[PDB]
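One chain comes next, on its own, written out as structure tokens in the form deposited in one PDB entry.
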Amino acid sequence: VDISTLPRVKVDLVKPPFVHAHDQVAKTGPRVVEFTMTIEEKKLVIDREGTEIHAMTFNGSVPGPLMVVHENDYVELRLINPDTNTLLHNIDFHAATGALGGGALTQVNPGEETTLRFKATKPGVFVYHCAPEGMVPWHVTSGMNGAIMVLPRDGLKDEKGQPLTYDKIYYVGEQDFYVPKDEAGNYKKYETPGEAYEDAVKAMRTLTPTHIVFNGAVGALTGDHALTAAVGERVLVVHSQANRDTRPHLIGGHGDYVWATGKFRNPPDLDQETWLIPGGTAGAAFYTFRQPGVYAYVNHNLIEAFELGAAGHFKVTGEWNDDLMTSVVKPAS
């Protein structure tokens, strides 16, 4: 096919956990879907203590933004590395086929840009991440990863083939950071990326994250930035982990339909309490809220959640159902 005969549509990305507008069921034929991302190296404060790291981001955020297309669309990404950055970067899409997912074709020094196109031949949610030869885990674990959703052209389906339609979607990127520590246990600090590199490698080789966070920082998805829903709303939560296993859980709810390893041609697992998303994968869980109030959304290694950062909240509006749950006798002497 002459790709030049296909429609082009430009997407304007939004910062996680929000997701750019899209259609679940494709309203057109295949398209070339145009995306632009600008790499930004920046300092980020990642915990309540004020620990500041040198993050490596797509489009200024950890995680990078969720891209959404349909199966057999073409993804055309303009990737820009401004001259205000100092490192070489590239991009690997787990959704794509060939050239290490794109990384072999997209190496950009500061002051360069490139445009990659690939055909999104398989439906699912997938990780994308930077992957410069010889420095791959350093870039990934500095925050340089996100996800892409390739929807089936007729939207999502349950285990019986009937439609599943979400009302809201959120993207939770989970990031393991490896902040080097001195022998006494305090975080070190570094003056340039090259001076940091050996201690960053040492820190990674412990296989023990110092921080595990949603949306780039402890508490990022709490307070005025809590996720929201109403009773009766159908919510899809896309969750990615580019480097390390996680086990999401909605405290007070379930995954009614879960694609734990993210690929929509498979039937979903039903009624999950907790699911395993392997490192290097994106997964997706669908839930219909039945009760209002505060929910926590966590990695259910509870140490990882409550001590290292992998916990967010939902605030859910609506009526309380006492048939489903009630306090018969409130706590009393």
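Take the two forms, superpose them, and find the largest set of C-alpha atoms that agree within 1.5 Å; that set is the rigid core. Quick note: we count residues from 1 along the sequence shown, nothing fancier. Shifts are known only where both forms have a C-alpha.
- Looking at 155 to 163 and 238 to 246 together, the entry lists the larger mean B-factor for 155 to 163, computed on C-alpha atoms.
- Annotation for 190 to 198 versus 249 to 257: the higher mean temperature factor (C-alpha) is found in 190 to 198.
- The residue among 206, 97, 175, 90 whose C-alpha atom has the highest B-factor in the PDB entry is 206.
- When the C-alpha B-factors of 292, 29, 63, 278 are read from the PDB record, the largest value belongs to 29.
- Among the modelled residues of the chain, residue 22 sits in the highest third by CA temperature factor in this PDB entry.
- Among the modelled residues of its chain, residue 53 has a C-alpha B-factor that falls in the highest third, as given in the PDB entry.
- When the modelled residues of the chain are ordered by C-alpha B-factor, residue 111 sits in the highest third.
- Per the deposited record, the Cα B-factor of residue 36 falls in the middle third when ranked against the other modelled residues of its chain.
- In the PDB entry, residue 10 places in the highest third of its chain by CA B-factor.
Separately, the form deposited in another entry exists; it is not shown, and the next lines address it.
- Of the residues 153, 122, 78, 189, exactly one exceeds or equals a 2 Å C-alpha shift between the shown form and the other one once the rigid core is aligned, and that residue is 189.
- Relative to the superposed rigid core, the position of the CA of residue 102 differs between the shown form and the other one by 2 Å or more.
- Annotation: residue 119/residue 100 CA-CA distance shorter in the other entry than in the displayed model, change of at least 3 Å.
- Relative to this form, the distance between the C-alpha atoms of residue 34 and residue 100 is reduced by at least 3 angstroms in the other entry.
- Core aligned; runs of 3 or more residues with all CA shifts at 2 Å or more between the shown form and the other one: 100 to 105, 182 to 185, 188 to 195, in sequence order.
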